[PDB]
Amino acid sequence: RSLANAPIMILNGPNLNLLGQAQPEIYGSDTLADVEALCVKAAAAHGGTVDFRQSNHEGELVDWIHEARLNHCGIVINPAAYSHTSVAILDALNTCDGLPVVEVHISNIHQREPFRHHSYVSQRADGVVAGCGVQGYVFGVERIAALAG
């Protein structure tokens, strides 16, 4: 599916509802709403749209991936903590044959504790952006636009 025919799904993992309010020295002062506005504006320059959601539940993220599999033109995901722990989210992305996927981490996870250096999502994601702040979501939208188109 192309960007003209279906939205880009933009998924956000656990604790991201507090972006811009908690640990600003690590994740910045922009909020999740500010990030949704960036995404909308980047997709509109390519003639696309976005479906932007956040959840703290692993299984709800699994369900939204299944939805995107049939209805969306690609997926930009910041799995947050679940990057490091969820084989179930990996597996949900693996049922999405050929759908473009870009993983995004606001912080540079390779500079932080060793438990954050590995992500299960990365083994499926076509592209992985880390430590580019909320600008990384925009890079994700632009990479989907290049892959879908």
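Don't overthink the numbering: it's just position in the shown sequence, from 1.
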| item | value |
| --- | --- |
| Of 43-51 and 84-92, the one with larger mean CA B-factor | 43-51 |
| Stretch with the higher entry mean CA B-factor, where the candidates are 135-143 and 19-27 | 19-27 |
| Options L61, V121, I106, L70 - largest CA temperature factor per the record | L70 |
| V35 - Cα temperature factor, lowest/middle/highest third of chain | middle |
